[PDB]
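Here's the structure we're looking at; comments come further down.
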Amino acid sequence: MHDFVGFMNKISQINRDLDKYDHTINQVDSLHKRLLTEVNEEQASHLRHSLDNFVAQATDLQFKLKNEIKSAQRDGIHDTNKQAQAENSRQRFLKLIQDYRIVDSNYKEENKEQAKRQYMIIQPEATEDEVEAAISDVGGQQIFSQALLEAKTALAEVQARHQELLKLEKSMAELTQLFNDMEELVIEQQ
Ligand SMILES: [Zn+2]
Ligand SMILES: [Zn+2]
């Protein structure tokens, strides 16, 4: 059994990490949902604390799983059995990566909607285009500047939301890079 136990142990570890990854993604989605409802600033601050932690956790798992799975894929180059197990884990990883990308895309959309509503509350007569312009980088700056002629709270809220958005954009860019990385083949070398 010594020639096969090592490989199965690798597969088992990979699948354990996938379970952890899956759980991590769920926590992220769960925290996103609670954050969209939290009214207490004191409690909201800890939710973001947990969120940041889980996102870092997911980032760590992703890196490890990428290297472990591709490594497993190499072990099965000319071993039908090993190839199938590694591919199996690779397919599970791909699905979770996609689930995570969706979780973040969904939160991104909730974020933007809040941005638009904040402005409509200020400009209850604003048209779509005006609302769309108001949340753009240039549009927001123009509004802030134009104001420099209650904007503190508004600007602080905007900045906080903008920062959250950039974080999501960053993770999503990482997930896309990772997804593409996993889609790439693990090829023979001689
Ligand atoms: Zn043996
Ligand atoms: Zn905390």
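Reckoned from all heavy atoms, side chains included, excluding hydrogens, waters and symmetry mates. Along the sequence shown, residues are numbered consecutively beginning with 1.
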Problem set entry | Donor-acceptor contact present, side-chain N53 to main-chain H49, <3.5 Å | yes
Problem set entry | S145 (side chain) donor-acceptor with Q141 (main chain) under 3.5 angstrom | yes
Exercise. Between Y21 and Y100, how do the two ring planes meet: parallel, tilted or perpendicular, split at 30° and 60°?
Worked result: perpendicular
Problem set entry | CZ/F63: more than 12 non-hydrogen atoms of other groups inside 6.0 Å | no
Exercise. So, does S136 use its side chain to make a donor-acceptor pair with the main chain of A133 at under 3.5 Å?
Worked result: yes
Problem set entry | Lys/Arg-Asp/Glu bridge criterion (N-O < 4.0 Å) met for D104, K108 | no
For this session: Would you indicate whether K95, at its atom NZ, is surrounded by more than 12 heavy atoms from other residues, nucleotides or ligands within a distance under 6.0 Å?
Result: no
Problem set entry | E128, CD: over 12 other non-hydrogen atoms inside 6.0 angstrom | no
For this session: Indicate yes or no: does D52 engage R48 in a salt bridge with an N to O separation below 4.0 Å.
Result: no
Exercise. Would you say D22's side chain and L18's backbone share a donor-acceptor pair under 3.5 angstrom?
Worked result: no
Problem set entry | NZ/NE/NH1/NH2 to OD/OE distance under 4.0 Å, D19 and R92 | yes
Exercise. If you measure from the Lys or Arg side-chain nitrogens to the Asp or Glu carboxylate oxygens, is any gap between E87 and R90 under 4.0 Å?
Worked result: yes
Exercise. Should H78 and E188 be marked as a side-chain contact (heavy atoms from CB on, under 4.5 Å) after you check the CA-CA gap, both sets of side-chain angles, and the distance that decides it?
Worked result: CA-CA 9 Å; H78 281 296; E188 215 163 323; 2.7 Å; yes
Problem set entry | CD (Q177) with more than 12 external heavy atoms under 6.0 Å | no
Exercise. Any ion pair linking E113 and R117 (charged N to carboxylate O, less than 4.0 Å)?
Worked result: yes
Problem set entry | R34 and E38 ion-paired at < 4.0 Å | no
Exercise. With distance as the sole test, does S12 use its side chain to make a donor-acceptor pair with the main-chain N or O of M8 at under 3.5 Å?
Worked result: yes
Exercise. Given the rule in the salt bridge (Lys or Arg N to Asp or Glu O under 4.0 Å) test, do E164 and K167 qualify, once you have shown the distances and angles that lead to the verdict?
Worked result: CA-CA 5 Å; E164 287 305 297; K167 287 182 181 181; 3.5 Å; yes
